[PDB]
Amino acid sequence: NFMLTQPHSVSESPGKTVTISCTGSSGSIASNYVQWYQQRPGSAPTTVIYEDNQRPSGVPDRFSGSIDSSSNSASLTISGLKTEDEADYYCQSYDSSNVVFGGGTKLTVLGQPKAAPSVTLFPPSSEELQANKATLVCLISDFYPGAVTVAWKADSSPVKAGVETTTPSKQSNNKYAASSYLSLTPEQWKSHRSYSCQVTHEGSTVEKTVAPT
Amino acid sequence: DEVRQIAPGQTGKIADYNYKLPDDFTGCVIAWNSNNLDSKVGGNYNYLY
Amino acid sequence: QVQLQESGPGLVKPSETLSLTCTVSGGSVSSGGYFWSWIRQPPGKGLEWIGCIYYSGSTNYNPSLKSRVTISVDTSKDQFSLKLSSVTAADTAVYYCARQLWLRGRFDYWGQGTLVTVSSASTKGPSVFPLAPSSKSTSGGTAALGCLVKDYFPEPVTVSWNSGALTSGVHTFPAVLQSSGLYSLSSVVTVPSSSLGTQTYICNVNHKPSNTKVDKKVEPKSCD
Amino acid sequence: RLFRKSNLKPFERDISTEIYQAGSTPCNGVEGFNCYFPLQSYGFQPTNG
């Protein structure tokens with residue numbers, strides 16, 4: 001029942017000194033070796049310090065750790081924060097034949113330029129209609145800020161059923177992209193005269209329309 | 001009025017912020033009056049500090 | 001030096017045996033007197049220790065994962081494999097195999113993480129419907145076309161345009177859960193309208209979990 | 001407020017906007033050296049812990 005308590009989020013400006021803690025509940029922190037791992041997102045974890053004072057060959061000297069056995073806490077001290085230091089930190093223990101890791105420390109990171117919300121529409125294809133299904137796809141791209149509201153329209157009546165939209169995602173050109181999908185039956189697509197997608201972005205509204213042709 | 005500040009072992013507002021003079025200063029300082037060329041009517045503010 | 005790589009399926013249906021094999025390149029399992037371990041990490045969560053093995057039959061497992069971990073070592077093939085029984089939807093984690101120089105201390109080398117996120121056994125292929133551009137689909141001197149990837153399970157799908165020859169203007173969107181279990185996404189590219197009727201655009205949607213590759217040509221809409 | 005000359009009496013408000021000698025070098029409203037201000041900004045963020 002031995003667990004390591006670690007602060008979930010730690011924020012500090014680069015160039016300063018910060019302390020990351022790792023507190024053990026039942027067993028004393030000085031009983032077993034404590035190991036810190038610095039793991040980049042989407043990458044394998046890498047040992048950043050071990051033996052509670054020993055730095056591996058390759059890491060900078062700023063990654064220094066200390067042990068406070070009175071408070072049952074393991075402290076890792078970082079001096080002079082940099083850009084590459086923004087990663088997850090986990091503390092390892094062993095207890096008794098059962099390796100126990102830490103909760104994890106997240107480092108807070110730090111605005112894209114504004115852009116016009118280009119909107120495109122396509123009607124459902126004939127191949128999809130032959131499969132007894134219909135889907136209207138609304139796309140929002142090359143825009144900023146990433147706070148857009150989509151509202152499907154059936155001629156004049158708004159549509160909510162079957163509406164699926166995607167959260168904005170950053171593009172390569174420092175802009176954002178979004179999507180919206182409206183699943184419909186083949187009868188409902190041809191029931192109304194026209195279907196339109198309205199995109200609201202910073203007050204301005206860009207509307208495209210399609211019709212069954 | 002700031003030509004007296006340029007010496008090894010002085011404290012003020014220009015030497016300590018722009019060009020400090022160390023104790024082992026074997027440099028050699030020459031200056032002259034050039035008001036007829038370095039200044040003009042209407043306010044010559046081309047130089048900064 | 002030595003390097004560890006993982007293999008096996010990156011997915012497993014619920015309530016079934018999981019099979020992940022991590023092999024060793026540039027080293028020997030038995031020689032050196034070291035240890036092997038499996039460590040998993042859920043997305044957005046901390047690292048979790050599964051178990052450790054020796055090149056002999058010595059095994060120890062986590063109390064939370066006790067009686068569910070079966071790890072074996074075969075020296076002839078120079079690899080070690082772990083078997084997980086009764087997998088659920090909460091076992092979605094990034095599995096790492098790591099060399100252990102010191103059992104109660106630090107690791108030295110971490111293999112690349114073969115993520116396994118799967119919660120159901122739908123295993124449905126990706127429907128690829130063309131997104132025909134038209135006069136109302138263009139705004140100015142440029143037009144847009146694409147393909148719709150709808151009603152597939154599970155993540156992910158890779159979509160490429162003209163076998164990867166077209167990359168400029170290509171936007172891949174993250175999938176969103178539908179009203180009934182499955183996901184949906186699309187991938188589109190912005191093209192000038194002058195080459196709409198003179199250039200052929202084909203989307204290549206690949207779904208490795210369902211072993212389905214679909215190529216769909218994109219053409220301008222024909223009024224009927 | 002982070003920097004102060006000395007202790008202050010309880011139930012007293014300090015609104016002195018003056019650059020204190022936090023560092024070694026003298027700093028009593030002058031520019032001096034190592035003069036970090038008693039008044040610093042916060043680090044508030046809604047996405048913290």
# chains A, B, ... in the order shown; residues from 1 in each chain; ligands from 1

call {"tool": "interface_residues", "arguments": {"of": "chain D", "to": "chain A", "cutoff": "9 Å", "atoms": "only C-alpha atoms", "output": "PDB file with N, CA, C and O atoms, in the first residue's frame"}}
result
ATOM      1  N   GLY D  43       1.046  34.840 -11.516  1.00  0.00           N
ATOM      2  CA  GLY D  43       1.092  33.793 -12.515  1.00  0.00           C
ATOM      3  C   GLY D  43      -0.223  33.047 -12.590  1.00  0.00           C
ATOM      4  O   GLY D  43      -0.245  31.828 -12.789  1.00  0.00           O
ATOM      5  N   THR D  47      -5.977  27.101 -16.113  1.00  0.00           N
ATOM      6  CA  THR D  47      -5.634  25.720 -16.423  1.00  0.00           C
ATOM      7  C   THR D  47      -4.597  25.145 -15.464  1.00  0.00           C
ATOM      8  O   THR D  47      -3.980  24.119 -15.771  1.00  0.00           O
ATOM      9  N   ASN D  48      -4.392  25.781 -14.313  1.00  0.00           N
ATOM     10  CA  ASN D  48      -3.436  25.297 -13.326  1.00  0.00           C
ATOM     11  C   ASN D  48      -4.067  24.172 -12.505  1.00  0.00           C
ATOM     12  O   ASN D  48      -5.157  23.679 -12.809  1.00  0.00           O
ATOM     13  N   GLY D  49      -3.382  23.756 -11.445  1.00  0.00           N
ATOM     14  CA  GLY D  49      -3.870  22.685 -10.598  1.00  0.00           C
ATOM     15  C   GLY D  49      -4.703  23.177  -9.434  1.00  0.00           C
ATOM     16  O   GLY D  49      -5.782  23.745  -9.629  1.00  0.00           O
TER      17      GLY D  49
END

call {"tool": "select_by_dssp", "arguments": {"residues": "segment 18-173 of chain A", "states": "helix (DSSP H, G or I)", "output": "PDB file with N, CA, C and O atoms, in the first residue's frame"}}
result
ATOM      1  N   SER A 126     -23.349  10.046 -54.711  1.00  0.00           N
ATOM      2  CA  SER A 126     -24.301   9.062 -55.216  1.00  0.00           C
ATOM      3  C   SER A 126     -23.965   7.656 -54.737  1.00  0.00           C
ATOM      4  O   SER A 126     -24.871   6.834 -54.552  1.00  0.00           O
ATOM      5  N   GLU A 127     -22.677   7.359 -54.542  1.00  0.00           N
ATOM      6  CA  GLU A 127     -22.284   6.057 -54.010  1.00  0.00           C
ATOM      7  C   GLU A 127     -22.780   5.872 -52.582  1.00  0.00           C
ATOM      8  O   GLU A 127     -23.201   4.773 -52.202  1.00  0.00           O
ATOM      9  N   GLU A 128     -22.725   6.934 -51.774  1.00  0.00           N
ATOM     10  CA  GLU A 128     -23.269   6.868 -50.422  1.00  0.00           C
ATOM     11  C   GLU A 128     -24.783   6.695 -50.447  1.00  0.00           C
ATOM     12  O   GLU A 128     -25.342   5.959 -49.624  1.00  0.00           O
ATOM     13  N   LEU A 129     -25.461   7.366 -51.383  1.00  0.00           N
ATOM     14  CA  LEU A 129     -26.910   7.227 -51.504  1.00  0.00           C
ATOM     15  C   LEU A 129     -27.300   5.813 -51.916  1.00  0.00           C
ATOM     16  O   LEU A 129     -28.337   5.297 -51.484  1.00  0.00           O
ATOM     17  N   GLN A 130     -26.482   5.172 -52.756  1.00  0.00           N
ATOM     18  CA  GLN A 130     -26.723   3.778 -53.108  1.00  0.00           C
ATOM     19  C   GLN A 130     -26.509   2.840 -51.926  1.00  0.00           C
ATOM     20  O   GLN A 130     -26.983   1.700 -51.961  1.00  0.00           O
TER      21      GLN A 130
END

call {"tool": "select_by_dssp", "arguments": {"residues": "segment 112-161 of chain A", "states": "strand (DSSP E or B)", "output": "ChimeraX atom specification"}}
result
/A:115,118-122,134-144,149-154,157-159

call {"tool": "write_last_selection", "arguments": {"atoms": "N, CA, C and O atoms", "output": "compact mmCIF listing (two decimals), in the first residue's frame"}}
result
# COMPACT_ATOMS: atom_id res chain seq x y z
N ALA A 115 -7.09 34.97 -38.59
CA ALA A 115 -7.27 34.56 -39.97
C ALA A 115 -8.75 34.46 -40.31
O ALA A 115 -9.60 34.37 -39.42
N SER A 118 -12.43 30.41 -43.89
CA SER A 118 -12.86 29.82 -45.15
C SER A 118 -13.71 28.58 -44.88
O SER A 118 -13.33 27.71 -44.09
N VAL A 119 -14.86 28.50 -45.55
CA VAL A 119 -15.84 27.44 -45.33
C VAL A 119 -16.17 26.79 -46.67
O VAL A 119 -16.45 27.50 -47.65
N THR A 120 -16.15 25.46 -46.71
CA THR A 120 -16.49 24.69 -47.90
C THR A 120 -17.56 23.66 -47.57
O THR A 120 -17.64 23.16 -46.44
N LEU A 121 -18.38 23.34 -48.56
CA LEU A 121 -19.45 22.36 -48.41
C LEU A 121 -19.45 21.39 -49.59
O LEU A 121 -19.11 21.76 -50.71
N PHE A 122 -19.86 20.15 -49.31
CA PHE A 122 -20.11 19.12 -50.30
C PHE A 122 -21.41 18.41 -49.99
O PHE A 122 -21.75 18.20 -48.82
N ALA A 134 -26.64 9.05 -46.09
CA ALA A 134 -26.32 10.38 -46.60
C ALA A 134 -25.64 11.18 -45.50
O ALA A 134 -26.06 11.12 -44.34
N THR A 135 -24.58 11.91 -45.85
CA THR A 135 -23.84 12.69 -44.86
C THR A 135 -23.38 13.99 -45.49
O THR A 135 -22.73 13.98 -46.54
N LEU A 136 -23.69 15.10 -44.83
CA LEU A 136 -23.26 16.43 -45.25
C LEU A 136 -22.05 16.85 -44.42
O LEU A 136 -22.10 16.81 -43.19
N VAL A 137 -20.97 17.24 -45.10
CA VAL A 137 -19.71 17.55 -44.45
C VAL A 137 -19.48 19.06 -44.55
O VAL A 137 -19.42 19.61 -45.66
N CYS A 138 -19.33 19.71 -43.41
CA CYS A 138 -19.01 21.13 -43.34
C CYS A 138 -17.61 21.29 -42.77
O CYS A 138 -17.27 20.68 -41.75
N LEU A 139 -16.79 22.10 -43.43
CA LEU A 139 -15.38 22.22 -43.10
C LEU A 139 -15.01 23.67 -42.85
O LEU A 139 -15.36 24.55 -43.64
N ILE A 140 -14.30 23.91 -41.75
CA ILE A 140 -13.80 25.23 -41.39
C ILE A 140 -12.28 25.12 -41.29
O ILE A 140 -11.77 24.26 -40.56
N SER A 141 -11.57 25.98 -42.01
CA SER A 141 -10.12 25.86 -42.08
C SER A 141 -9.49 27.24 -42.20
O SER A 141 -10.15 28.21 -42.59
N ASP A 142 -8.20 27.30 -41.87
CA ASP A 142 -7.37 28.51 -42.00
C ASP A 142 -7.95 29.68 -41.22
O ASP A 142 -8.04 30.80 -41.74
N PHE A 143 -8.34 29.44 -39.97
CA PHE A 143 -8.98 30.46 -39.15
C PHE A 143 -8.30 30.56 -37.79
O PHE A 143 -7.56 29.67 -37.37
N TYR A 144 -8.56 31.68 -37.11
CA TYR A 144 -8.15 31.95 -35.74
C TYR A 144 -8.98 33.13 -35.27
O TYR A 144 -9.17 34.08 -36.04
N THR A 149 -18.72 28.20 -33.88
CA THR A 149 -19.99 27.54 -33.61
C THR A 149 -20.66 27.21 -34.93
O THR A 149 -20.83 28.08 -35.79
N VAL A 150 -21.04 25.94 -35.10
CA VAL A 150 -21.65 25.46 -36.33
C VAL A 150 -23.14 25.24 -36.08
O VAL A 150 -23.56 24.89 -34.97
N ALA A 151 -23.94 25.50 -37.11
CA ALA A 151 -25.39 25.35 -37.01
C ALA A 151 -25.92 24.94 -38.38
O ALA A 151 -25.99 25.77 -39.29
N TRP A 152 -26.28 23.67 -38.52
CA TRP A 152 -26.85 23.18 -39.77
C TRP A 152 -28.25 23.74 -39.97
O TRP A 152 -28.97 24.04 -39.02
N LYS A 153 -28.63 23.90 -41.24
CA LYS A 153 -29.93 24.43 -41.60
C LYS A 153 -30.56 23.57 -42.69
O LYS A 153 -29.89 23.19 -43.66
N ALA A 154 -31.84 23.27 -42.52
CA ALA A 154 -32.66 22.62 -43.55
C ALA A 154 -33.58 23.70 -44.10
O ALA A 154 -34.64 23.98 -43.54
N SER A 157 -35.09 25.68 -41.23
CA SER A 157 -35.18 25.06 -39.91
C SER A 157 -33.81 24.53 -39.49
O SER A 157 -33.22 23.72 -40.22
N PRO A 158 -33.29 24.95 -38.34
CA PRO A 158 -32.00 24.41 -37.87
C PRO A 158 -32.09 22.93 -37.55
O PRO A 158 -33.13 22.41 -37.14
N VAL A 159 -30.96 22.25 -37.73
CA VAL A 159 -30.86 20.81 -37.55
C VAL A 159 -29.86 20.51 -36.45
O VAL A 159 -28.73 21.01 -36.48

call {"tool": "residues_around", "arguments": {"residues": "residue 89 of chain C", "least_positions_apart": "3", "cutoff": "10 Å", "atoms": "only C-alpha atoms", "output": "list in words"}}
result
residues 13, 14, 15, 92, 117, 118, 119 and 120 of chain C

call {"tool": "atom_distance", "arguments": {"atom1": "atom CA of residue 80 of chain C", "atom2": "atom CA of residue 1 of chain C"}}
result
18.5 Å

call {"tool": "residues_around", "arguments": {"residues": "residue 33 of chain C", "least_positions_apart": "5", "cutoff": "10 Å", "atoms": "only C-alpha atoms", "output": "MDAnalysis selection string"}}
result
chainID C and resid 28 54:55 100:102

call {"tool": "residues_around", "arguments": {"residues": "segment 19-33 of chain D", "least_positions_apart": "6", "cutoff": "8 Å", "atoms": "only C-alpha atoms", "output": "PyMOL selection string"}}
result
chain D and resi 3-5

call {"tool": "write_last_selection", "arguments": {"atoms": "N, CA and C atoms", "output": "PDB file, in the first residue's frame"}}
result
ATOM      1  N   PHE D   3       9.507  42.569  -1.594  1.00  0.00           N
ATOM      2  CA  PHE D   3      10.723  43.123  -1.017  1.00  0.00           C
ATOM      3  C   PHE D   3      10.363  44.261  -0.070  1.00  0.00           C
ATOM      4  N   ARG D   4      11.064  44.344   1.061  1.00  0.00           N
ATOM      5  CA  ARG D   4      10.763  45.386   2.033  1.00  0.00           C
ATOM      6  C   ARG D   4      12.012  45.724   2.836  1.00  0.00           C
ATOM      7  N   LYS D   5      12.059  46.967   3.327  1.00  0.00           N
ATOM      8  CA  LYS D   5      13.204  47.429   4.106  1.00  0.00           C
ATOM      9  C   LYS D   5      13.331  46.676   5.425  1.00  0.00           C
TER      10      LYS D   5
END

call {"tool": "interface_residues", "arguments": {"of": "chain A", "to": "chain C", "cutoff": "8 Å", "atoms": "only C-alpha atoms", "output": "mmCIF file with C-alpha atoms, in the first residue's frame"}}
result
data_model
loop_
_atom_site.group_PDB
_atom_site.id
_atom_site.type_symbol
_atom_site.label_atom_id
_atom_site.label_comp_id
_atom_site.auth_asym_id
_atom_site.auth_seq_id
_atom_site.Cartn_x
_atom_site.Cartn_y
_atom_site.Cartn_z
ATOM 1 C CA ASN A 32 14.691 2.551 -1.283
ATOM 2 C CA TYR A 33 16.302 4.219 -4.278
ATOM 3 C CA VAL A 34 14.243 6.952 -5.954
ATOM 4 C CA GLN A 35 14.535 7.420 -9.722
ATOM 5 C CA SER A 43 8.427 9.508 -26.804
ATOM 6 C CA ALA A 44 9.961 6.871 -24.566
ATOM 7 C CA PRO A 45 10.914 7.918 -21.012
ATOM 8 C CA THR A 46 14.573 8.604 -20.277
ATOM 9 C CA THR A 47 16.380 8.391 -16.939
ATOM 10 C CA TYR A 50 19.323 8.039 -10.206
ATOM 11 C CA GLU A 51 20.737 6.928 -6.831
ATOM 12 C CA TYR A 90 7.864 10.574 -12.644
ATOM 13 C CA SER A 93 10.422 3.335 -5.991
ATOM 14 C CA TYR A 94 10.706 -0.390 -5.269
ATOM 15 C CA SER A 97 9.464 -6.686 -4.882
ATOM 16 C CA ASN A 98 6.819 -4.338 -6.327
ATOM 17 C CA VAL A 99 8.020 -1.309 -8.298
ATOM 18 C CA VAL A 100 5.873 1.763 -7.597
ATOM 19 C CA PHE A 101 6.010 4.864 -9.795
ATOM 20 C CA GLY A 102 4.891 8.435 -9.117
ATOM 21 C CA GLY A 103 1.836 10.484 -9.983
ATOM 22 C CA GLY A 104 3.545 12.711 -12.537
ATOM 23 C CA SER A 118 -12.860 29.820 -45.146
ATOM 24 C CA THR A 120 -16.486 24.694 -47.896
ATOM 25 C CA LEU A 121 -19.448 22.358 -48.415
ATOM 26 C CA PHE A 122 -20.106 19.124 -50.303
ATOM 27 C CA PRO A 123 -23.364 17.217 -50.799
ATOM 28 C CA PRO A 124 -23.596 13.461 -50.159
ATOM 29 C CA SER A 125 -22.248 11.369 -53.013
ATOM 30 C CA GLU A 127 -22.284 6.057 -54.010
ATOM 31 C CA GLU A 128 -23.269 6.868 -50.422
ATOM 32 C CA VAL A 137 -19.706 17.554 -44.447
ATOM 33 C CA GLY A 162 -27.050 13.609 -36.288
ATOM 34 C CA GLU A 164 -21.140 15.774 -35.350
ATOM 35 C CA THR A 165 -18.400 18.408 -35.211
ATOM 36 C CA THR A 166 -14.673 18.354 -34.487
ATOM 37 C CA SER A 169 -6.862 21.798 -34.487
ATOM 38 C CA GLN A 171 -2.622 23.704 -38.992
ATOM 39 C CA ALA A 177 -8.961 23.699 -38.914
ATOM 40 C CA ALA A 178 -12.345 22.223 -38.012
ATOM 41 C CA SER A 179 -15.035 19.917 -39.384
ATOM 42 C CA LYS A 208 -22.508 28.133 -47.915
ATOM 43 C CA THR A 209 -25.455 26.208 -49.347
ATOM 44 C CA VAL A 210 -25.946 22.997 -51.328
ATOM 45 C CA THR A 213 -28.769 18.172 -58.100
#

call {"tool": "residues_around", "arguments": {"residues": "residue 70 of chain A", "least_positions_apart": "3", "cutoff": "12 Å", "atoms": "only C-alpha atoms", "output": "PyMOL selection string"}}
result
chain A and resi 23-24+27-31+67+73-74

call {"tool": "residues_around", "arguments": {"residues": "residue 2 of chain B", "least_positions_apart": "4", "cutoff": "10 Å", "atoms": "only C-alpha atoms", "output": "compact mmCIF listing (two decimals) with N, CA, C and O atoms, in the first residue's frame"}}
result
# COMPACT_ATOMS: atom_id res chain seq x y z
N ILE B 6 34.71 59.29 -16.56
CA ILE B 6 35.48 58.27 -17.25
C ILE B 6 36.86 58.18 -16.62
O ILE B 6 37.81 58.85 -17.07
N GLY B 12 28.50 56.43 -10.89
CA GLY B 12 27.58 57.40 -11.45
C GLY B 12 26.44 56.79 -12.24
O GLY B 12 25.80 55.83 -11.79
N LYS B 13 26.17 57.34 -13.42
CA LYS B 13 25.02 56.94 -14.22
C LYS B 13 25.35 56.47 -15.63
O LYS B 13 24.50 55.86 -16.27
N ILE B 14 26.56 56.74 -16.13
CA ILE B 14 26.95 56.39 -17.49
C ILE B 14 28.01 55.29 -17.50
O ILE B 14 27.91 54.33 -18.26
N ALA B 15 29.04 55.43 -16.66
CA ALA B 15 30.15 54.48 -16.67
C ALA B 15 29.72 53.11 -16.17
O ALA B 15 30.15 52.08 -16.71

call {"tool": "atom_distance", "arguments": {"atom1": "atom CA of residue 36 of chain D", "atom2": "atom CA of residue 66 of chain A"}}
result
29.1 Å

call {"tool": "atom_distance", "arguments": {"atom1": "atom CA of residue 23 of chain B", "atom2": "atom CA of residue 10 of chain B"}}
result
10.3 Å
